[PDB]
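Chain order of the listed sequences is A and B.
Mapping to the deposited numbering: the first sequence position 182 is 182, numbers consecutive.
Mapping to the deposited numbering: the second sequence position 100 is 100, numbers consecutive.
Beta carbons are placed, not taken as given, at the ideal position from N, Cα and C, and that holds for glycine.
There are 2 protein chains.
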Amino acid sequence: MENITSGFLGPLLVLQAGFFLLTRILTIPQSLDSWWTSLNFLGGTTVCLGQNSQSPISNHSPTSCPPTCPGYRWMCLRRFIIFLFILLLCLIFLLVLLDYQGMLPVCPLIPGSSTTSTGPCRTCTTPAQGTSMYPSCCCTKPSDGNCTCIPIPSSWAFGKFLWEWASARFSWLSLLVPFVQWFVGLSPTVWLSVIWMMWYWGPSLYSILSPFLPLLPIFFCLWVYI
Amino acid sequence: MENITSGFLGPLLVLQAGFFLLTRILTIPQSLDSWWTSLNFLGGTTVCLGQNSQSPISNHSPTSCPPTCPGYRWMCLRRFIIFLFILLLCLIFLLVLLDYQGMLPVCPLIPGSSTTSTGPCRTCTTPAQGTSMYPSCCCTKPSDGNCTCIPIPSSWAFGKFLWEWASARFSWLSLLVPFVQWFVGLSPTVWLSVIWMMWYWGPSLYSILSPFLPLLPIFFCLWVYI
């Protein structure tokens with residue numbers, strides 16, 4: 001009765017969802033191509049210059065010219081580019097889905113005497129060259145050493161440990177970190193004005209700063225010297 | 001003497017390197033512009049209306065058009081898009097480079113019973129909650145005090161932890177994993193033939209599979225019932 005109806009609907013719902021997903025996937029190539037081309041075509045036109053005239057003479061052309069006809073390998077190349085971009089977007093979305101997660105570890109290392117709870121050092125002494133990213137700390141040392149080490153804490157975690165470790169490479173970036181920190185410290189109605197200034201207004205600043213490009217190396221060398 | 005020359009040359013080398021780096025950075029936008037132009041130059045891409053005859057009358061080629069005349073705001077937008085794409089690409093490249101050495105942490109926590117330690121277990125883990133998932137290994141189990149889990153792998157994958165762990169959501173992927181290994185289990189002179197077959201024959205394959213697209217949902221539903 002209803003169970004048979006439910007079983008059929010489940011297959012029917014699966015079929016409808018598959019149709020919708022296929023439509024979305026096909027559009028993503030097609031829609032991505034349309035949008036990117038418009039990015040070219042907003043400052044451009046809609047006409048296939050490579051639209052041949054051997055078999056057809058139709059003026060339909062204009063991007064996705066005529067499947068096999070006219071530009072064939074180039075439509076395929078655009079499709080491959082779209083597929084690669086889709087894969088990149090999927091990787092980005094996978095990282096975003098990971099996010100803080102709460103299960104993900106960064107599993108970092110840093111020298112300190114802090115502890116999340118009651119931790120007896122028992123004369124924890126065994127040091128080594130490069131204290132950061134030391135041995136596995138499964139009490140891997142000349143002896144066990146009564147070792148307690150870092151679990152995967154909760155935060156951006158992996159990224160935070162990443163840039164903290166990478167900060168040693170360029171401490172100048174670490175200096176600029178407070179600048180961006182207070183810049184992001186601004187309220188929500190800050191990015192709006194930032195975008196408004198960013199919209200247009202950019203060509204003039206770019207043109208003016210073009211002379212400053214030679215000036216930039218001079219200042220960089222001056223600070224490099226001192 | 002020569003030491004003074006040595007000190008002076010450092011700034012000179014810095015200036016030369018900065019000039020080269022600026023040239024490369026600027027070319028990267030130009031390189032991207034040229035490459036996508038070629039993607040359009042597959043059709044030919046031999047005209048741009050962004051150099052309209054408002055101020056000047058010279059048709060400025062078809063890629064850069066006029067720096068400011070007529071369409072330049074769309075040219076600037078294309079430049080900004082290229083900059084964003086370059087930023088994404090270099091971020092991806094840095095992430096990829098961060099993993100080959102295997103220095104990048106990959107502390108994993110998944111249900112298992114593999115044992116490699118000195119005089120281990122006889123207390124082990126008795127967690128009857130939170131399923132079989134494991135949390136940060138300070139001491140994962142609610143009552144674990146002498147706990148010791150598993151250290152990160154030297155195999156250059158790190159992310160394979162989640163790749164196999166999160167794979168439990170879709171065991172069908174695990175089924176295809178043997179096929180993936182079989183395909184990977186090939187000589188170096190295999191990818192070349194694969195590329196040769198893929199080139200210029202993917203059109204007919206795509207055309208044939210297009211009829212199979214409706215057939216594919218039917219088979220997928222049938223196995224879903226199966």
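Inset, instruction - Using only alpha-carbon positions, find the residue among A:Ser210, A:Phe19, A:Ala166, A:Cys221 that is nearest to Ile110 of chain A. - result: A:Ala166
Inset, instruction - Name the residue from B:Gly130, B:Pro214, B:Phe80, B:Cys139 whose alpha carbon lies nearest to the alpha carbon of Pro29 of chain B. - result: Out of B:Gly130, B:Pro214, B:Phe80, B:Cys139, B:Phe80 has the C-alpha closest to the C-alpha of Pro29 of chain B.
Legend entry - Chain-ordered chain B contacts of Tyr72 of chain A [CB-CB under 7 Å]: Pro203
Inset, instruction - Mind checking which residues open and close the alpha helix (DSSP H) that includes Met197 of chain A? - result: Segment 191-198, the alpha helix (DSSP H) holding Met197 of chain A.
Inset, instruction - Give a yes or no on whether 8 Å exceeds the smallest Cβ distance from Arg24 of chain A to chain B. - result: no
Legend entry - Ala166 of chain B - DSSP class collapsed to helix/strand/coil: helix
Inset, instruction - Can you pull the chain A residues whose beta carbon is under 7 Å from the beta carbon of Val180 of chain B, in chain order? - result: Correct list: empty, because the minimum Cβ distance to chain A is about 16 Å.
Inset, instruction - Whole angstroms is fine: what's the gap from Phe158 of chain B's alpha carbon to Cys107 of chain B's? - result: 8 Å
Legend entry - 8 Å Cβ cutoff, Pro105 of chain A in contact with chain B: When Cβ-Cβ separations below 8 Å define contact, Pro105 of chain A makes contact with chain B.
Inset, instruction - Say whether chain A places a C-beta atom closer than 8 Å to the C-beta of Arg78 of chain B. - result: yes
Legend entry - At least 3 beta-carbon pairs within less than 8 Å: the segment 63-78 of chain A vs the segment 36-51 of chain A: Here the segment 63-78 of chain A makes contact with the segment 36-51 of chain A; the two share three or more CB pairs at distances below 8 Å.
Legend entry - Minimum Cβ-Cβ distance from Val14 of chain B to chain A less than 8 Å: yes
Inset, instruction - With a threshold of 16 other CB atoms inside 10 Å of the CB of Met75 of chain B, please say whether the residue is buried or exposed. - result: buried
Legend entry - Short Cβ contact (8 Å threshold) for residue 231 of chain B with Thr125 of chain B: Nothing can be reported for residue 231 of chain B, as the shown portion of chain B is limited to 1 through 226.
Legend entry - Min CB distance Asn146 of chain B to chain C below 8 Å: Looking for chain C here will not work: the only protein chains present are A and B.
Inset, instruction - Going by CA-CA distance only, name the one from B:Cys69, B:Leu213, B:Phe179 that's closest to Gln51 of chain B. - result: Nearest to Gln51 of chain B by C-alpha distance, out of B:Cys69, B:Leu213, B:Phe179, is B:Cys69.
Legend entry - Alpha-carbon spacing of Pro142 of chain B relative to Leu173 of chain A, whole angstroms: 41 Å
Inset, instruction - List the endpoints of the continuous alpha helix (DSSP H) containing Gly202 of chain A. - result: Start and end: 202-225.
Legend entry - Rounded C-alpha distance that separates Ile4 of chain B from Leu176 of chain A: Straight-line Cα distance between these residues: approximately 32 Å.
Legend entry - Segment contact, 8 Å Cβ cut-off, at least three pairs: the segment 211-221 of chain A with the segment 11-23 of chain B: With the cut-off at 8 Å, the segment 211-221 of chain A and the segment 11-23 of chain B touch.
Legend entry - Terminal residues of the alpha helix (DSSP H) in which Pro29 of chain B lies: 2-41
Legend entry - Terminal residues of the alpha helix (DSSP H) in which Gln181 of chain A lies: 171-184
Legend entry - Coil, strand or helix - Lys160 of chain A by DSSP: Reduced to three states, the DSSP call for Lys160 of chain A is helix.
Inset, instruction - Spell out whether any CB of chain B is found under 8 Å from the CB atom of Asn40 of chain A. - result: It does: the Cβ of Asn40 of chain A has a partner Cβ on chain B nearer than 8 Å.
Inset, instruction - Run the CB neighbour count on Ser204 of chain B, radius 10 Å, all protein chains shown included, and call it buried at 16 or more, exposed below. - result: exposed
Inset, instruction - Keeping to the same chain, check which residues put their C-beta closer than 8 Å to that of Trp156 of chain B; ignore five residues upstream and five downstream. - result: Its chain contains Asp99, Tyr100, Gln101, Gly102 as the residues whose beta carbon lies nearer than 8 Å to that of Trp156 of chain B, once the 5 sequence neighbours on both sides are disregarded; these appear in chain order.
Inset, instruction - Flag this pair as touching only if the segment 121-139 of chain B and the segment 175-190 of chain B have three or more C-beta atom pairs under 8 Å; answer yes or no. - result: In short, these stretches do not touch, since the Cβ pair count stays below three.
Legend entry - Where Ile86 of chain A falls: helix, strand or coil (DSSP): helix
Inset, instruction - Would you tell me roughly how many angstroms separate the C-alpha atoms of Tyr206 of chain A and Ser34 of chain B, rounded to the nearest one? - result: Looking at the two C-alpha atoms, the distance is approximately 21 Å.
Inset, instruction - Could you round the C-beta distance between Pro217 of chain A and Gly7 of chain B to whole angstroms and report it? I think they count as a contact, below 8 Å. - result: Taking the Cβ atoms as the reference, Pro217 of chain A lies roughly 18 Å from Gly7 of chain B, outside the contact range of under 8 Å.
Legend entry - Coarse secondary structure for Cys69 of chain B, derived from DSSP in three states: In the structure shown, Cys69 of chain B sits in coil (DSSP, three-state: anything other than H, G, I, E or B).
Inset, instruction - Out of A:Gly71, A:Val180, A:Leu94, A:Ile150, state which residue places its alpha-carbon closest to the alpha-carbon of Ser114 of chain A. - result: A:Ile150
Inset, instruction - Determine whether the Cβ of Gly44 of chain B lies closer than 8 Å to any Cβ atom of chain A. - result: For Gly44 of chain B, at least one C-beta of chain A is nearer than 8 Å to its own C-beta.
Legend entry - Proximity test, Cβ basis, 8 Å: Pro11 of chain B and chain A: yes
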